[PDB]
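The primary structure of each chain is shown beneath.
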Amino acid sequence: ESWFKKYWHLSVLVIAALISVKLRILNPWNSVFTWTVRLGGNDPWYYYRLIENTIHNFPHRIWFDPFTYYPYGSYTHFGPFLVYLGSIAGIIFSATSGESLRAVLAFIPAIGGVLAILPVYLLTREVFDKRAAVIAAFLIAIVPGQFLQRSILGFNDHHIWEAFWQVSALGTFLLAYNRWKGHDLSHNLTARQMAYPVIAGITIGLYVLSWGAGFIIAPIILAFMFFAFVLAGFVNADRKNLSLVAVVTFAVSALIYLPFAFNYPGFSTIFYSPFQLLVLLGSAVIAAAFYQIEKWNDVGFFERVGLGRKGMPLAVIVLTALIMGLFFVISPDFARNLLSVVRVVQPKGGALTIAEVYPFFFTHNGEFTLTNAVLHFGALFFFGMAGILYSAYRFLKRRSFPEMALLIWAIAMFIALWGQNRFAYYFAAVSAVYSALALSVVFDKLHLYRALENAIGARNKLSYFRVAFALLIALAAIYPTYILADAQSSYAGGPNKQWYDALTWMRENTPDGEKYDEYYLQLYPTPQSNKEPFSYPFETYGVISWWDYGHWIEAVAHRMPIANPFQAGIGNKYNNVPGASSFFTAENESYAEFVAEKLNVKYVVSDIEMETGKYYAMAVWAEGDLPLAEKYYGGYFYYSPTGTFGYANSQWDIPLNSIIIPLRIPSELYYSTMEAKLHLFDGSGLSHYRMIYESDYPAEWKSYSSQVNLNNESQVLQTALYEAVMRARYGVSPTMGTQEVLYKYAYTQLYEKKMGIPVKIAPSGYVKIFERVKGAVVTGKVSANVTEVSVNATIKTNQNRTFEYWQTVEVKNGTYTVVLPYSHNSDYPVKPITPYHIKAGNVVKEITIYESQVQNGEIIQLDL
Ligand SMILES: [Mn+2]
C-alpha cells in the first residue's frame, strides 16, 4: 500500500497484455518461423501481394489484380488500411519483399490482438464501470475461437482490425456522448470537447477503410438514436448532444473515407465504392435530422399540435419510414444494396459448401447444439449470455441509455452470429464484455472486493466463505477458456512444405520467369469492366487448380491462377462456364481441353486433397446441386464379424456387427474424371498432359516407409488397410495418403475393366504439377488388319517414384494416330526412363521423341 493502487487496475492490464503475447506470439512461433516465414491461411497471403506491390509504388496502391482470376482479373476489396500499414511497417523495417517482408507482416495481427485490450476496456468503462472494464480487458486477451485464430502470429488478415476499430468506434462514440452529456452549447464542442466526436469519426472511417461492409456500423449507431427517441418517455438521454456527436462523427468519417471512395465502377457493399460514402454522409444528415426534431420537442411542438406523450416517437417513425423509404426512388442500386445486407438471401445454394455460411448453433445437418459456442468462446459465451440477461434488467430498472445501446450492438452481432459461422469474431468482444459485467456482480455481491479493499488494507464486514466461491466461479470462467485458447494458438496454418516447395519450384522453373516478377509489381489501372479477358503486355499463360490455392500460387509461385479464394473462376458444367470445377470434374479429355483452351491454361496443379476429400466439393460446384453430385460416389467398405475385405453396393447388404470405414468409396464416373486421371493415374491415359514435378510423399507415409517398401503392393496394402480400420474403430476417417491407396485398391478390384487404363497400388506425391502440351502426333499405317495400338512407357518422378504411362487408340482406315505428351530430353525432373514401346498386333517398335516435336506438335510417321 498504496501500491498496488492505483496500479492494481493497471497491472492486470499489463498482465493481460503479457498473456496475449504468450498466446499470439510465443505459442505459434515455431510454426510460423519455420523453413520460411509461414503466413497462415489463404487471405493473409494476398496482402503479402498487395503490400509488396504498394511498397514498390508508394504511396499508390492497386485496385484491380489481373494477376489472379486468369485471364480476367478480379477487383481488390481488401482495404487500404492494412495495405498501407503493412507497407509502412515494411519500408521502416527496411524489408520490401520475400521472407524479409513476411517476417514483419506476421507481427501485425498479433499486435492488433494485444492492442485490442484497450478499446474493450474503454467501451466497457463507458457503459459500466472501471472494475468491470478491467475484467473485460483481461478476458479479451484469452478468448479463443476465430478471434484468436485470426489474431495469431502470421495470420495477417483484415479480420482482427474489424473488431478492433468497431469496438473502438462504439467506445469512442459513447465516450463522446458521455463527455458532452449535460454540457450545453456553447461549452461543447470548443476544441477540447471536439476531440471526442472527431476521434469517434476517425475510428468509424478507419473501420470502413479496412472493411467494405464496415458501413454497417452507421445504421447501428442510427439504431441507437432511433430507440433513444421513440422511447423518450421510457429512457432518459441528452438527444441534443446525442444527435450533435452523431452528425460530427459520421461527417468526419465520411470526410476520411472520401479519398478512397472511388475505386470501384458502380455501387457495392464489399468494394470501395461511393456507396459507403453515401451511407456515412446520409446518416450524418439523418443524425442532423434527429437534432431539429428534438429541438422542436423542447418548445413543445408535439404538445401544441396535440400529439401528447407519443408525439416525438410517432414523429421519428414516419421520419424514418420516410428518408430511408424514399431511398428506393433514386438511385437503387443504393436501396437494393442496403437491403442486400438485411434480406439474407439464403438458403445456400449451392454449390455451398462453402464452409462458413453454415449457421452457428446448428451442427451441419441439422440439429441444435452449443458446441460451436464452446469451441469458439470457451466459458465466456455462457457467462456472456447470462451477463446480457442481467443487463437486460438493469435497463428495465434503471433505464440507462448507453446500456441500451450496448444491448442493441449485442443483439445485432448475435443475429449475424446466428446466421453464419463466418462471423464468430464479432461476438468475442460481446462475450468478453458481458461476462465481465456478469463476474463484476458476482465479485461485488460475493464480497471479494472485500477483501481486496480491506485486504490491503482496511477492515470490512465480509464472509471468507463467499470470497472462496467468487474465486471458484472466476475459475470456471477463466480455465476452460484459456485451456481452449492455449491449444488453439499452439498451431499455425498456412501451406504445408509440400505446397511451398512445389510452388517455389514453379516460380523458378517456368517460362517468362522474369516477366511475371516485373508484372507482379506494376501499378495496374482500373478497368470499367472485367468480363472481357485482360490485354496482357506479354504472352501470359494460366495456371489452373482448385480455388483454395489461388493466393498461394500467386504469392509464392508468382504465376497466374485461373481461380482464386475469392470464389472466382470456379466455373461449372450445368452451364459450361470454363473454370476449375468444370475442368477437374470433366468427364472426357476433350471437355477438359475445351475449358483449358478457353482460359489459355498451360500448367495444372493438383494435390491429394483435390483427389479425395475436396473432390466432392468440386463436383457440387460443377453439377450445381448436391443430389446431382451423388452420382460421383457409390458404396462403402466394410469388415464383417469374421474380419473380411468387404464392399456392399447397397447400404442394406452390410453384415450385422460389421465394422465399416467412414469413407465413401467413389463411383465409376469418378475414375472417369480429370482429377483422378491426373492424380490417381499420375497423368496416364492422357494426350496433352505430362507430369513435371512431385512433392514428397504425404506426411505420414514418408514416416511409414521408414520400415516399408513402397513398390511391394502386398506390403503397402497391409498397413493401408491396417490403418484404415484401427482408425475406423473410432469415428475417424483414415489419413488422406491412405485414402488414395484404397481409391486405387477399389478401382482395381471393381471398376477397372479387363484392362481399362490400369494403375499401380502405391502412395504418390502430396502435390503434382502437369504441363499442358500439344503432344507429338504419331500416325502411320498399321499391319492390316489390327484393332488397337497400345503405347506404354515407364516414367520416373523427382521422388525416385516410377509408374507407367499408357494410351490406346481406335484404329480406323488402317492408320492409327496417337498424341504423346511426355518427352525425353526435357529439363523437367520428371522424365520417362524408357522409350514408347508401341504395339499393333504381334509387331512392335520403339520410338524416342524430343520436345521440339512434342511441344510444337510435329507429326511423326510410323508404319508396320
Ligand atoms: Mn479473411
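Structure determination for the deposited model, as stated in its record, used X-ray crystallography, and the stated resolution is 3.413 Å.

Moving on to the layout of surface pockets. There is about 930 Å³ of room inside the second largest pocket. Taken together, 24 residues form the lining of the second largest pocket, with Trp-8, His-9, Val-134, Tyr-449 and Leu-452 sitting closest to its centre. Contributions of two or more residues to the lining of the second largest pocket are made by helix 1 (8-26), helix 8 (130-139), helix 21 (428-445), helix 22 (452-455) and helix 23 (464-488). Classifying every residue of the lining of the second largest pocket by side-chain character gives 17 nonpolar, two polar and five charged.

Another point: the coordination of the manganese ion. The manganese ion binds to the protein through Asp-43 (OD), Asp-157 (OD) and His-159 (NE2), with metal-donor distances spanning 1.9 to 2.0 Å. Mapped onto the polypeptide sequence, the residues donating to the manganese ion form the spacing pattern D-x113-D-x1-H. As far as the burial class goes, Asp-157 and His-159 line up, both buried.

We now examine the packing of helix 12 (residues 217-230) against helix 14 (residues 274-298). At a minimum axis separation of 10 Å, helix 12 and helix 14 run at an interaxial angle of 10°. When the axes of helix 12 and helix 14 are compared, the pair comes out roughly parallel. Note on packing geometry: the crossing formed by helix 12 with helix 14 is left-handed. Contacts between helix 12 and helix 14 involve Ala-218, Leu-222, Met-225, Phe-226 and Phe-229 from the first element and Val-279, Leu-280, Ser-283, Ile-286, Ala-287, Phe-290, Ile-293 and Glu-294 from the second.

Moving on: the packing of aromatic side chains. Taken as a whole and judged by the stated rule, the model has 89 aromatic pairs. On the numbers, 6.2 Å between centres and 75° between planes, the contact of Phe-58 with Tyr-84 is edge-to-face. Residue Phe-58 is found in the loop between helix 3 (43-56) and strand 1 (64-65), and its partner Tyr-84 is found in helix 4 (residues 80-92); the two are separated by 26 residues along the sequence. Summarising the aromatic geometry, the rings of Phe-637 and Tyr-745 are spaced 5.9 Å apart at their centres and angled 40° between planes, so their arrangement reads as tilted. Of the two residues, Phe-637 sits in strand 5 (residues 633-639) while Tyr-745 sits in helix 36 (residues 736-749), which places them 108 residues apart along the sequence. Residue class for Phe-637 comes out buried when judged on its relative accessible area of 9%. Cation over ring: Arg-49 sits above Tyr-520, and NZ or CZ is 4.2 Å from the ring centre.

Reading guide: rules and limits
Residues numbered from 1 in each chain as written, not as in the entry; some residues may be left out. Heavy atoms only, no water. 1 Å grid on protein atoms, 1.4 Å probe; cavity = no way out; pocket = protein on both sides within 12 Å on 5 of 7 lines; lining within 4 Å. Points joined across faces, edges and corners; volume = space filled by probe spheres on them. Helix = DSSP H or I, 4+ residues; strand = E, 2+ residues; numbered from the N terminus. Nonpolar A, V, L, I, M, F, W, Y, C, P; charged D, E, K, R; others polar. Donors = N, O, S within 2.8 Å, 3.2 Å for Na, K, Ca; no water. Buried < 20%, exposed > 50% of the residue type's maximum accessible area, 1.4 Å probe, protein only. Axes fitted to C-alpha atoms, helices over the stretch in contact; angles between N-to-C directions. Parallel < 35°, antiparallel > 145°, perpendicular 65-115°, else oblique. Left-handed = near helix turned anticlockwise from the far one by under 90°. Contact = heavy atoms within 4.5 Å. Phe/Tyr/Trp six-rings, centres within 6.5 Å; stacked < 30°, edge-to-face > 60°. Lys NZ or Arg CZ within 6 Å of the ring centre and 35° of its normal.

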